[PDB]
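A.B. asks: Please see the structure below; I have some questions.
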Ligand SMILES: Nc1ncnc2c1ncn2[C@@H]1O[C@H](COP(=O)(O)OP(=O)(O)NP(=O)(O)O)[C@@H](O)[C@H]1O
Ligand SMILES: Nc1ncnc2c1ncn2[C@@H]1O[C@H](COP(=O)(O)OP(=O)(O)NP(=O)(O)O)[C@@H](O)[C@H]1O
Ligand SMILES: [Mg+2]
Ligand SMILES: [Mg+2]
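Chains as they are written, first to last, in the deposited numbering: chain K, 1 to 292; chain J, 10 to 310, 341 to 346; chain I, 1 to 38, 44 to 284; chain H, 244 to 308; chain L, 176 to 322, 325 to 431.
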């Protein structure tokens with residue numbers, strides 16, 4: 001643990017502090033997440049335990065590399081590959097001009113490949129947001145922040161406090177469903193795709209009810225025909241306003257027919273009918289993808 | 010040579026709270042070190058919640074409001090010095106060892122209401138009132154804390170970010186998405202805290218905003234247009250089933266008549282008609298016998344395998 | 001509220017002599033520091054005051070065409086921050102341009118005018134590389150600026166007192182048929198007040214009432230009855246005398262204000278640029 | 244020891260401001276913008292804005308540093 | 176799910192890499208199989224007390240078995256190993272794990288909280304953060320999609338949990354083989370059918386391959402009432418699990 005020289009402090013989150021550091025013996029720039037195991041009345045945090053355990057098995061080009069884990073008496077160091085900036089900063093800086101369509105398609109293809117690897121390894125990310133997607137200078141994008149990640153070898157129950165940010169939240173979670181599924185990650189990825197296309201959030205709601213109402217306004221109020229079983233959801237109220245679905249041409253203008261069809265498959269109300277990650281990887285939208 | 014870190018108090022998303030000594034009078038203080046957050050906010054400057062807390066607490070001075078002793082900051086990281094608070098109301102509520110006699114509840118309610126009246130006279134809404142935000146000291150003085158959500162009200166056309174309290178103590182007007190509100194949002198949370206003190210459990214523990222509204226209407230009745238003149242105009246209003254509601258004295262069997270009247274006033278569905286802190290302090294409940302407990306007398310908080 | 005504010009307790013001074021003493025003290029402290037480090046390059050306090058006035062005007066122009074439109078409270082807060090900072094500091098230590106940018110940034114953050122950093126720096130009339138450099142400088146100087154204000158961020162402006170006085174006039178003063186025609190001129194007078202050091206010498210309510218009465222006097226309307234009867238000052242003539250004395254002092258302060266001269270500003274800017282590279 | 248309510252006594256250094264509930268009876272509300280039904284639903288009345296404006300106008304008016 | 180096959184394949188890949196060392200039991204100088212069974216029964220009791228999922232219990236048993244395959248643990252610290260592994264499994268699997276105070280209170284304060292913390296750290300270091308291990312519960316869940326009888330599923334869970342108590346016959350079988358055997362035994366016991374052909378083509382396990390573990394599981398089911406550890410039977414007697422522990426096991430299995 002003397003092998004790294006601290007260059008600066010990248011940022012500090014809920015439980016750990018991330019430093020940008022240099023590998024003294026090799027010269028590789030890395031990120032050191034320091035989590036003080038002292039001051040902990042429960043042990044290694046469950047979020048850290050799940051993150052490290054799931055990230056050790058996820059060796060993918062489009063998932064952040066966990067190079068090394070250092071376990072010390074009262075602290076724990078995680079060595080990650082270093083990426084210069086994330087997608088959120090990239091679109092914040094690419095505002096007023098727009099990320100190009102080929103770059104959008106390449107980024108979405110890489111995200112779907114990483115998510116397909118995650119789901120084929122029974123890993124549910126559950127925290128897909130632009131601030132959690134890290135890009136590099138050579139044009140790669142990698143999923144990161146596996147703090148909410150869960151293994152779904154057995155069904156994963158929904159918990160109110162641990163949940164993705166409201167803008168990328170699936171309506172099944174917003175109506176009080178009991179179990180997670182691979183559809184919520186697809187919903188978040190579709191919202192991110194629409195955000196990249198339109199340079200703004202698809203559903204920038206402020207509350208749970210407001211988020212649900214924006215979803216209903218953009219996609220139409222759900223009846224049992226589109227989502228069988230919706231009327232028996234725990235928080236479904238019969239008097240919900242009956243908005244009508246607006247055509248996707250004004251939802252995502254710059255996207256073409258293939259992109260709009262793919263996006264509408266990622267935004268199905270029924271989690272069962274929502275397109276899966278690898279089935280999305282086999283969409284005509286990605287017939288011409290070249291990492292730029 | 011100003012503060013000697015001697016303990017770790019707690020950890021949170023916004024900041025890390027630890028314990029220190031002033032090295033001048035050797036006073037015991039709680040230092041809140043503000044985190045950098047995500048790297049995407051590294052170009053935003055000092056944390057807005059920290060600035061809000063500093064600016065609001067530098068203009069207030071009441072016994073029942075947490076005092077900001079110092080706001081020294083390293084240019085990399087800013088730290089806020091508060092008085093050290095021994096515990097809070099949530100620990101006392103959840104602690105089964107101690108008993109909450111009516112005088113204890115009356116004293117806690119009185120300290121909360123006096124702090125809130127001072128806060129509301131300066132046109133500031135706390136907006137994050139909950140039992141763990143009502144801290145206690147060794148002398149048993151309740152202080153409102155966690156002013157990160159607090160903001161100044163009164164001036165029209167000042168609708169801002171949608172920061173709201175946890176749903177258990179959220180007023181129904183906020184749950185319906187109200188942008189413009191007054192002291193009623195703190196008054197409903199005060200009524201919820203009183204209900205928690207009387208029951209030792211959360212009064213309306215919904216798991217979602219819709220379920221929170223469902224529980225509120227099931228317990229206190231779905232309000233009509235007589236008791237809430239413009240209910241349907243709120244941006245996030247939805248229609249609910251006409252629940253008759255439980256009579257108050259059934260929920261609170263040990264409560265007296267004056268306490269029942271105070272609870273009814275705090276839980277009025279009309280935010281304009283809901284009783285203010287000044288109105289609540291003039292109520293008969295606080296002037297009835299017995300008197301509030303003095304702050305000094307308030308309570309302070341399987342098998343082995345043979346191998 | 002103002003009556004128990006940090007602005008009243010720490011940032012309202014009895015006379016302009018105290019302000020001049022503080023600014024000369026800051027200049028002397030900087031000169032002592034620089035000479036202890038290792044003569045015609047140092048600027049006298051009056052030259053520092055001229056440069057401060059010019060850069061406050063520049064800050065006002067920057068805030069005037071800001072996108073999105075700044076509320077007037079934010080602009081007032083930024084100007085008050087600039088005045089308070091350069092009361093106890095020297096322009097030869099911190100460049101007034103970056104300090105005014107930092108004041109605008111802090112005023113935006115404090116007054117809940119939610120704008121992101123790229124937005125604020127895009128309001129600059131500079132290249133994107135220069136925008137990034139200025140952003141880094143602002144971020145560096147933000148906490149120092151918060152230091153020099155003693156962490157007293159709430160600033161009370163005369164605009165809300167002006168509105169309240171207009172309401173009270175419309176309600177309890179039927180003699181004045183319509184106080185609305187008093188608005189524009191009073192607003193102009195307020196801007197003139199903002200140019201002087203009255204914000205550090207008087208309360209916001211006194212400033213707003215002074216603007217209102219000056220606007221009325223300009224229009225040939227007098228409200229001695231408003232002060233004597235509506236404000237109930239007929240029972241206490243001493244307080245009324247102090248109030249008119251304060252208003253006349255404010256009017257004299259406005260009358261004696263001298264805007265900077267363009268060529269003098271150019272020479273002082275050249276001197277400041279030279280001095281900011283000799284430390 | 245029983246509790247007896249005592250109002251807060253904070254000096255404003257200015258003219259007395261009328262009580263909030265009496266603002267309509269004194270004609271102050273005729274010169275302020277009326278609260279919308281959406282505003283009234285949340286508990287926001289024009290009386291609050293008028294009272295705040297009056298208190299700001301009268302705060303510190305008689306004070307000298 | 177179109178990824179479902181992949182998941183099963185992936186499970187079959189990691190159950191090999193997460194298997195405990197067979198024959199590790201005789202290299203332990205102090206602890207024997209009977210007290211391991213007692214420890215597993217106590218873990219079942221704890222799961223009942225705190226209403227934990229069966230996946231937590233299976234994961235804790237796997238962690239214990241992997242830990243004991245590389246470290247020698249005295250008979251006094253075996254229960255501490257069980258408590259730390261149960262805490263780790265709760266952290267990995269539960270929505271919110273109980274605080275360590277409840278994990279030390281259940282042991283009537285045999286070990287302090289610091290001992291639990293340190294042994295949890297040691298278990299994590301030995302396991303090298305490899306905690307996502309396939310269990311009999313996961314393979315049984317994967318198999319249950321090819322049926325649906327509630328009683329059959331409950332009794333399959335009961336037999337799979339019985340497989341955890343005994344380490345002598347069952348440690349040589351992978352979780353997939355044990356899950357297949359238990360599913361067949363439940364199908365025989367309740368509905369009288371056999372190992373479905375869809376499962377043979379899915380997993381590649383025929384009847385002859387499952388036969389050894391199948392006969393071991395049949396004997397375990399037959400001797401369940403006489404077995405010294407009875408907490409699983411009491412667990413499954415409740416109406417929640419449809420009362421299949423008190424059922425009559427088949428006397429013959431063809
Ligand atoms: N004035 C104080 N004195 C002592 N301890 C304090 C004080 N203020 C806060 N704390 C402690 O700091 C810890 C951090 O909790 P808090 O400040 O609520 O962070 P949080 O978890 O982000 N807030 P919330 O999400 O609203 O519960 C608490 O658990 C308290 O024990
Ligand atoms: N491999 C990495 N390369 C570069 N930056 C990284 C890497 N890992 C983490 N970071 C940065 O570290 C910061 C904090 O990391 P983390 O501890 O995951 O916080 P978070 O999960 O983003 N915040 P929260 O969810 O609010 O607790 C982030 O803002 C990332 O930008
Ligand atoms: Mg995270
Ligand atoms: Mg708190």
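Beta carbons: idealized from backbone N, C-alpha and C, even for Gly.
Is the distance from the Cβ of residue 180 of chain J to the Cβ of residue 198 of chain J below 8 angstroms?
C.D. replies: Yes, Cβ-Cβ distance for residue 180 of chain J and residue 198 of chain J is below 8 angstroms.
A.B. asks: Straight-line CA distance for residue 106 of chain I to residue 11 of chain I?
C.D. replies: Computed Cα separation, rounded: 21 angstroms.
A.B. asks: Using a Cβ-Cβ cut-off of less than 9 angstroms, list which residues of the stretch 212-235 of chain L approach chain K; keep chain order.
C.D. replies: Listed by position along the chain: 228, 229, 230.
A.B. asks: With H, G and I counted as helix, E and B as strand and the rest as coil, what does DSSP make of residue 92 of chain J?
C.D. replies: Three-state result, residue 92 of chain J: strand.
A.B. asks: Would you please verify whether the beta carbon of residue 281 of chain L is less than 8 angstroms from any beta carbon of chain J?
C.D. replies: Yes - at least one Cβ of chain J is within 8 angstroms of the one on residue 281 of chain L.
A.B. asks: Are the stretch 154-161 of chain I and the stretch 172-184 of chain I in contact at 8 angstroms, needing three or more beta carbon pairs?
C.D. replies: Result no; under three Cβ-Cβ pairs closer than 8 angstroms.
A.B. asks: Strictly below 8 angstroms CB to CB, what residues from chain J border residue 248 of chain H?
C.D. replies: The contacting residues are 290, 291, 295, 296.
A.B. asks: Out of I/148, I/80, I/28, point me to the one whose CA is closest to residue 84 of chain J's CA.
C.D. replies: Nearest option by C-alpha distance: I/148.
A.B. asks: Have a look at residue 42 of chain J and residue 91 of chain J and give me their C-alpha separation to the nearest angstrom.
C.D. replies: Straight-line Cα distance between these residues: approximately 11 angstroms.
A.B. asks: Starting from the beta carbon of residue 98 of chain I, find every residue of chain J whose beta carbon is closer than 8 angstroms, and list them in chain order.
C.D. replies: Within chain J, no residue comes near residue 98 of chain I; the closest Cβ sits about 16 angstroms away, beyond 8 angstroms.
A.B. asks: Using the beta-carbon of each residue, which ones in chain K are nearer than 7 angstroms to residue 295 of chain L?
C.D. replies: Here the neighbours are 43.
A.B. asks: In chain J, what lies closer than 9 angstroms to residue 10 of chain I by C-beta?
C.D. replies: By Cβ distance, chain J contributes nothing, its closest Cβ being about 10 angstroms from residue 10 of chain I, past 9 angstroms.
A.B. asks: Determine the direct distance from the alpha carbon of residue 220 of chain I to that of residue 187 of chain I, and round the result to whole angstroms.
C.D. replies: C-alpha separation (whole angstroms): 6 angstroms.
A.B. asks: Can you grab the Cα-Cα spacing for the pair residue 97 of chain J / residue 161 of chain K, in whole Å?
C.D. replies: Rounded to whole angstroms, residue 97 of chain J to residue 161 of chain K spans 22 angstroms at the Cα level.
A.B. asks: Is the CB of residue 303 of chain H under 8 angstroms away from at least one CB in chain J?
C.D. replies: Not an interface residue.
A.B. asks: Determine whether the Cβ of residue 110 of chain I lies closer than 8 angstroms to any Cβ atom of chain J.
C.D. replies: Yes - at least one Cβ of chain J is within 8 angstroms of the one on residue 110 of chain I.
A.B. asks: Using a beta-carbon distance cut-off of less than 9 angstroms, what residues from the stretch 94-108 of chain J approach chain I?
C.D. replies: Those residues of the stretch 94-108 of chain J that come within reach of chain I (Cβ to Cβ, closer than 9 angstroms) do not exist; the list is empty.
A.B. asks: Measuring only between beta-carbons, confirm whether residue 313 of chain L sits less than 8 angstroms from chain K.
C.D. replies: Chain K, which has a Cβ nearer than 8 angstroms to the Cβ of residue 313 of chain L, makes this yes.
A.B. asks: Starting from residue 332 of chain L and walking both ways along the alpha helix (DSSP H), at which residues does that stretch end?
C.D. replies: Unbroken alpha helix (DSSP H) run through residue 332 of chain L: 327-342.
A.B. asks: Does the beta-carbon of residue 233 of chain L have 16 or more other beta-carbons within 10 angstroms, so that it is buried, or is it exposed?
C.D. replies: It is buried - the Cβ of residue 233 of chain L has at least 16 other Cβ atoms within 10 Å.
A.B. asks: Please report the distance separating the alpha-carbon of residue 30 of chain I from that of residue 133 of chain I.
C.D. replies: Their backbone Cα atoms lie some 33 angstroms apart in a straight line.
A.B. asks: Between residue 131 of chain K and chain J, is the shortest Cβ-Cβ distance under 8 angstroms, so that the two count as touching?
C.D. replies: Yes - at least one Cβ of chain J is within 8 angstroms of the one on residue 131 of chain K.
A.B. asks: Ligand 1 and residue 156 of chain J: does any heavy atom of the ligand fall closer than 7 angstroms to the residue's C-beta?
C.D. replies: Checking every heavy atom of ligand 1 against the Cβ of residue 156 of chain J, none is found closer than 7 angstroms.
A.B. asks: Would residue 170 of chain K and residue 184 of chain K be called neighbours here (beta carbons separated by less than 8 angstroms)?
C.D. replies: Closer than 8 angstroms, so yes.
A.B. asks: Helix, strand or coil for residue 41 of chain K per DSSP?
C.D. replies: Coil, per DSSP.
A.B. asks: According to the neighbour-count rule (16 or more other Cβ atoms, all chains shown, within 10 Å of its Cβ), is residue 155 of chain J buried or exposed?
C.D. replies: Burial call: buried.
A.B. asks: State buried or exposed for residue 62 of chain K, treating a residue as buried only when at least 16 other CB atoms are found within 10 Å of its CB.
C.D. replies: Its Cβ being crowded by 16 or more others within 10 Å, residue 62 of chain K is buried.
A.B. asks: Mind reading off the beta-carbon distance from residue 273 of chain J to residue 257 of chain J? Whole number of angstroms is fine, and I expect it under 8 angstroms.
C.D. replies: Correct: roughly 6 angstroms between the Cβ atoms.
A.B. asks: Can you grab the Cα-Cα spacing for the pair residue 431 of chain L / residue 401 of chain L, in whole Å?
C.D. replies: If I take the Cα positions, the gap works out to 20 angstroms.
A.B. asks: Tell me, please, whether the CB atom of residue 122 of chain K is closer than 8 angstroms to any CB atom in chain L?
C.D. replies: Residue 122 of chain K counts as touching chain L.
A.B. asks: Quick one: Cα of residue 6 of chain K to Cα of residue 16 of chain K, how far?
C.D. replies: Roughly 15 angstroms separates the two Cα atoms.
A.B. asks: Quick one: give me the first and last residue of the alpha helix (DSSP H) that residue 71 of chain K is part of.
C.D. replies: Premise fails: residue 71 of chain K lies in the beta strand (DSSP E), 66-71, not in any alpha helix (DSSP H).
A.B. asks: Could you name the residues of chain L that residue 159 of chain K contacts, counting a contact when the two beta carbons are closer than 8 angstroms?
C.D. replies: 270, 271, listed in chain order.
A.B. asks: Compute the beta-carbon to beta-carbon distance between residue 46 of chain J and residue 12 of chain K, rounded to the nearest angstrom, for a pair I have assumed lies under 8 angstroms.
C.D. replies: Yes, residue 46 of chain J and residue 12 of chain K are in contact; Cβ-Cβ is about 7 angstroms, under 8 angstroms.
A.B. asks: From the DSSP output, in three-state form, read off residue 109 of chain J for me.
C.D. replies: Three-state DSSP puts residue 109 of chain J in coil, outside helix and strand.
A.B. asks: Let me confirm a value: residue 223 of chain I is counted as buried when at least 16 other C-beta atoms fall within 10 Å, else exposed. Which label applies?
C.D. replies: The residue in question, residue 223 of chain I, is exposed, as its Cβ has fewer than 16 Cβ neighbours within 10 Å.
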